[PDB]
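Chains as they are written, first to last, in UniProt numbering: chain A, 1 to 57, 61 to 220; chain B, 1 to 57, 61 to 220; chain C, 1 to 57, 61 to 219; chain D, 1 to 57, 61 to 219.
Structure follows, in structure tokens:
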């Protein structure tokens, strides 16, 4: 493959015991780090805030500094691939885990994601649609061995009450083959991201900007 | 349904990116809290310690104090059911999540479990088969609303080096209908458990004893 | 050196930046695990729930099963002693850590505890004095080496709104001499405890029951 | 009240039960974020890696973007001040918490920091003095109310074995007066920092670079 230009996603699973299923497609620009995605529900109205599906709704679009391939891009490029496993531990006792798999077809990516979330309080912000936005975020990546990224960030939404809603997020990424030694010696690597989400009860339109950095200006 | 007498399990997923799949059956005694289970691999040798599959490898076998039905037993009994979502956060950066679903057929239970584990160090105790046993365990249960248990325990194995291997484990249990009000007013509830596991690279034989308690002698 | 029959406590530090200081005296039964304590404020009215000072307000009162001494008691008995370091990580972002020291004078314990708690939201149950009780509790103990206990429990209060207030609690205990081999080989050890607190803005009246168990 | 140009530190407490006490002096540039510090032990040779005292070894040196004062600096500037409470939760079960206070005398800061660390395994990198450097670091800051900062970062050292040593770090900062509205509305704020440490068993020589950012 070359760098990605387009992608689709089928994402499904359950939140508080209630099944959900979405699909759609999007595109992005793998040199800029930007991507956008449209999703539509296959099982009626979502009963939970669509914002809970971020960050889960494609780091193949993410370059590393000075136009280098991120390990994600490299793994797409030679076709050896990777999977991700993410955990979100919310401050109010909720948990959401996800598994991420991909199939490549030239410069197009097909994502299959499975999520399980539970323990969202009936009156907390996820079940009342009270999440309003996700804060700008710094992701910290380390490679504890040659085929794994352990990444972390503190994830916060703003909400309608003005109180933020917090979780600890950890993403373990497992590669089909060794990450290039030149990527492995620049640790830690950070990535600054911004997202937007417009949404109804049945549809999402998401956009994301990403930029990797070892150091700041 | 009545109380369970027998069960089978199909359990599958991936550990460090490597797929695994097991099935088998067992039985137990729902008044005593005891159950045993035999499992066999459908995909060759496990490349990870089988002990990592405990606690994941049926609280329907668990009575509450003085022969009362546990909420698990009650949910089987009227057929309204429940699911579980468990998270294990290991001290060395590994994570393992699981989703648990059941189907009842009279006094027989069919479990379908899906697990994703990742970030196990190549030289840590899971990938070297160095777990030797699981410590006796106290599970602490609360019901933050009428259809959910949030349970927790500190989970430790002994290992061949003599160092214990630790994780934080949280199990969120989501019920199809409200838990009985008489169960909901006895919080917290604790459960003392013991397990044994004999195993090879392709087969497991597990046993478990459980006893619920609000207070001790 | 005898098992403890009476004790004093001086506990101080700050909560959300506001200094506090209490002292008092109590007693208990080291064969049974029970003790009780009275504390009075030296700096005016407490600005936070006094319940936040539990569990921090003496495991020298705790025996082990079958009349054995707990490690806490043995270290009092030989004078070698120990310190505790405790951390409470609250679900709403607050943190409270404490440092515990003791002087023994025959059967009397003097505690000097220093505490820093911070980050408690102005409308949370601690700052609105809305905590009503602490749930009964199981403490899981391990000894990762011969002079250290690492213990954990999930700590929950009931509150006036009905919704519980939770924290993760880790207590590390460090001994001046090795723990006896016979205690070391019985792991985990669990301890079941119940507490009561009656309080006003200046005074606390605390009781506790505790009992070690390995199995039920 | 001027921005800081020099500072002293007295830092004490215990690690694994062993008391330690250091003092010294340093300086820095409050327009640039840099500061450096020298510390000397008053109680003999340290029995643990001196790296464990970082990050704990002065954000009054930290400016905010475009020459604005950080909240730390503004609270020095008006004399209203603040305290910090920090917690480090290590991957191997150790815990280290600290309490930070300051006295200001014109452009000079006096710090008094109290620390308790415990649970560090005898064969871990802290007790074998095997920590070699601290990774560069991004601190995420939020203000859940008008006098409080709640900050977090994942803290990692490199060690002689090649394997990193990790901890979760939460710092709660409490202000004697409200933070300015204009600082409050810019959340999150991030801070990028680099540190160096040269040390012997009795002496530390510490430098730090820091720079706030909202975006890159």
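Here a beta-carbon is modelled for each residue, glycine too, at the ideal position from N, C-alpha and C.
Mind listing, in chain order, the continuous beta strand (DSSP E) runs of no fewer than 3 residues lying wholly within the stretch 122-191 of chain D?
-> Those beta strand (DSSP E) runs which fall completely within the stretch 122-191 of chain D and span 3+ residues are 134-137, 140-148, 151-162 and 168-178.
In the DSSP assignment, what residue or residues form a beta bridge with residue 91 (chain B)?
-> Position 88 of the second chain holds residue 91 (chain B). Paired residues: B:99 and B:172.
Do you know offhand how far residue 218 (chain D)'s Cα is from residue 217 (chain A)'s?
-> The residue given as residue 218 (chain D) occupies position 215 in the fourth chain. The residue given as residue 217 (chain A) occupies position 214 in the first chain. Cα-Cα distance, rounded: 14 Å.
Which same chain residues, not among the five before or five after residue 191 (chain B), have their C-beta less than 7 Å away from its C-beta?
-> The sequence position of residue 191 (chain B) within the second chain is 188, counting from 1. Within the same chain, 143, 144 and 145 come within 7 Å of residue 191 (chain B) by CB-CB distance, once the 5 residues on both sides are set aside.
So is residue 186 (chain A) in contact with chain D if we call contact Cβ pairs under 8 Å?
-> Position 183 of the first chain, counted from the first residue, corresponds to residue 186 (chain A). No, because no Cβ of chain D sits closer than 8 Å to the Cβ of residue 186 (chain A).
Can you tell me which of the three DSSP states residue 34 (chain D) falls into?
-> Here the question's residue 34 (chain D) lines up with position 34 in the fourth chain. DSSP places residue 34 (chain D) in coil when its eight states are reduced to three.
Using a Cβ-Cβ distance under 8 Å, would residue 173 (chain A) count as near chain B?
-> Working through the first chain from its first residue, we reach residue 173 (chain A) at position 170. Judged by the 8 Å Cβ criterion, residue 173 (chain A) is in contact with chain B.
Quick one: does residue 94 (chain A) have its CB under 8 Å from some CB of chain C?
-> Along the first chain, read from residue 1 onward, the residue named residue 94 (chain A) stands at position 91. Judged by the 8 Å Cβ criterion, residue 94 (chain A) is in contact with chain C.
Tell me which same chain residues have a C-beta within less than 6 Å of the C-beta of residue 210 (chain B), skipping the five on either side of it?
-> Here residue 210 (chain B) refers to the residue found at position 207 of the second chain. Around residue 210 (chain B): 36 and 199.
Chain-ordered neighbours of residue 159 (chain A) on chain D, where CB pairs are closer than 8 Å = Taking the first chain and counting its residues from 1, the one referred to as residue 159 (chain A) is at position 156. Simply 145 and 191.
Using the DSSP secondary-structure output, state which residues sit across from residue 21 (chain B) in a beta bridge.
-> Along the second chain, one-based indexing puts residue 21 (chain B) at 21. Bridge partners of residue 21 (chain B): B:12.
Quick one: what does DSSP say residue 213 (chain A) is sitting in, helix, strand or coil?
-> The residue you call residue 213 (chain A) lines up with position 210 of the first chain. The answer is strand: DSSP assigns residue 213 (chain A) an E or B state.
With 8 Å as the threshold, decide whether the Cβ of residue 218 (chain B) is near any Cβ in chain C.
-> Residue 218 (chain B) sits at position 215 when you count from the first residue of the second chain. Under the Cβ distance rule, residue 218 (chain B) counts among the residues neighbouring chain C, one pair being separated by less than 8 Å.
Would the stretch 61-71 of chain B and the stretch 17-25 of chain C be scored as touching if the rule is three or more Cβ pairs under 8 Å?
-> no
If you run the structure through DSSP and keep just helix, strand and coil, what is residue 28 (chain B)?
-> Position 28 of the second chain, counted from the first residue, corresponds to residue 28 (chain B). Looking at residue 28 (chain B) - three-state DSSP - the assignment turns out to be strand.
Contact check, residue 179 (chain D) vs residue 7 (chain D) under 8 Å by CB: the rounded distance?
-> Looking up residue 179 (chain D) in the fourth chain gives position 176. Looking up residue 7 (chain D) in the fourth chain gives position 7. With a Cβ gap of about 19 Å, residue 179 (chain D) and residue 7 (chain D) do not count as contacting.
Flag residue 11 (chain C) as yes if its beta-carbon sits less than 8 Å from any beta-carbon of chain G, otherwise no.
-> As a matter of chain content, chain G is missing from the structure shown, whose protein chains are A, B, C and D.
Opening and closing residue of the alpha helix (DSSP H) in which residue 72 (chain B) lies = Stepping through the second chain from its first residue, residue 72 (chain B) is reached at position 69. Where residue 72 (chain B) is concerned, there is no enclosing alpha helix (DSSP H), given that its DSSP letter is neither H nor E.
Rank C:45, C:21, C:49 and C:20 by C-alpha distance to the C-alpha of residue 135 (chain C) and give the top, closest one.
-> As a first step, residue 135 (chain C) must be located in the third chain, where it is residue number 132. Of the candidates C:45, C:21, C:49 and C:20, the one whose C-alpha sits nearest the C-alpha of residue 135 (chain C) is C:49.
Whose Cβ in chain C lies nearer than 7 Å to the Cβ of residue 125 (chain D)?
-> By one-based count along the fourth chain, residue 125 (chain D) stands at place 122. Near residue 125 (chain D) (Cβ distances below 7 Å), the residues of chain C are 148.
Kindly list, in the order they appear in chain B, the residues whose Cβ is closer than 8 Å to that of residue 154 (chain A).
-> As a first step, residue 154 (chain A) must be located in the first chain, where it is residue number 151. Under the 8 Å cutoff, chain B gives no residues; its nearest Cβ is about 10 Å from residue 154 (chain A).
Sorted by chain position, which residues of the same chain lie with C-beta nearer than 6 Å to residue 97 (chain A)'s C-beta, five sequence neighbours on each side aside?
-> As a working note, residue 97 (chain A) is residue 94 in the first chain. Hits under 6 Å: 122 and 123.
Give me the Cα-Cα distance between residue 54 (chain D) and residue 86 (chain A), rounded to the nearest whole angstrom.
-> For the purposes of this step, residue 54 (chain D) is taken as residue 54 along the fourth chain, with counting starting at 1. For the purposes of this step, residue 86 (chain A) is taken as residue 83 along the first chain, with counting starting at 1. So the alpha carbons of these two residues sit roughly 35 Å apart.
Is residue 15 (chain A) closer than 8 Å to residue 57 (chain A) when the C-beta atoms are compared?
-> Here residue 57 (chain A) refers to the residue found at position 57 of the first chain. Here residue 15 (chain A) refers to the residue found at position 15 of the first chain. Contact flag unset, no.
What does a CB cutoff of less than 6 Å around residue 74 (chain D) pick up in its chain, not counting 5 residues either side in sequence?
-> Start at 1 with the first residue of the fourth chain, and residue 74 (chain D) comes out as number 71. Correct list, in chain order: 182 and 186.
Just the C-alpha distance for residue 147 (chain A) and residue 17 (chain A), rounded to the nearest angstrom, thanks.
-> Your numbering for residue 147 (chain A) matches position 144 in the first chain. Your numbering for residue 17 (chain A) matches position 17 in the first chain. Residue 147 (chain A) and residue 17 (chain A): Cα-Cα distance of roughly 35 Å.
Contact set for residue 163 (chain A): own chain, Cβ-Cβ below 8 Å, skip 5 residues either direction | Locating residue 163 (chain A) in the first chain gives position 160, counting from the first residue. So the qualifying residues of the chain are 128, 133 and 135.
Between the C-alpha atoms of residue 21 (chain C) and residue 39 (chain C), what's the straight-line distance to the nearest angstrom?
-> The residue you call residue 21 (chain C) lines up with position 21 of the third chain. The residue you call residue 39 (chain C) lines up with position 39 of the third chain. Computed Cα separation, rounded: 10 Å.
Whole-angstrom distance between residue 194 (chain B) and residue 221 (chain B), CA atom to CA atom = This structure does not reach residue 221 (chain B), given that chain B is present from 1 up to 220, and the question cannot be answered.
Own chain, CB closer than 6 Å to residue 78 (chain D), minus 5 neighbours either side, in chain order = Taking the fourth chain and counting its residues from 1, the one referred to as residue 78 (chain D) is at position 75. Cβ neighbours of residue 78 (chain D) beyond the five flanking positions: 84, 85 and 178.
Going by DSSP, name the residue or residues bridged to residue 195 (chain C).
-> The sequence position of residue 195 (chain C) within the third chain is 192, counting from 1. Paired residue(s): C:141 and C:214.
Quick one, are the C-beta atoms of residue 213 (chain C) and residue 196 (chain C) less than 8 Å apart?
-> Along the third chain, one-based indexing puts residue 213 (chain C) at 210. Along the third chain, one-based indexing puts residue 196 (chain C) at 193. For residue 213 (chain C) and residue 196 (chain C), yes; Cβs fall inside 8 Å.
To which residues of the same chain is residue 159 (chain D) closer than 6 Å at the C-beta, ignoring the five residues directly before and after it?
-> What you label residue 159 (chain D) is simply residue 156 of the fourth chain in a count that begins at 1. 138, 167 and 169, listed in sequence order.
Beta-carbon proximity list for residue 42 (chain D), same chain, < 7 Å, skipping 5 on both sides | Locating residue 42 (chain D) in the fourth chain gives position 42, counting from the first residue. Taken in chain order, the residues that qualify are 21, 22 and 23.
Provide the residue(s) that pair with residue 6 (chain A) in DSSP beta bridges, ordered along the chain.
-> Here residue 6 (chain A) refers to the residue found at position 6 when the first chain is read from its first residue. The partner list for residue 6 (chain A) (beta bridge, DSSP) reads A:27 and A:111.
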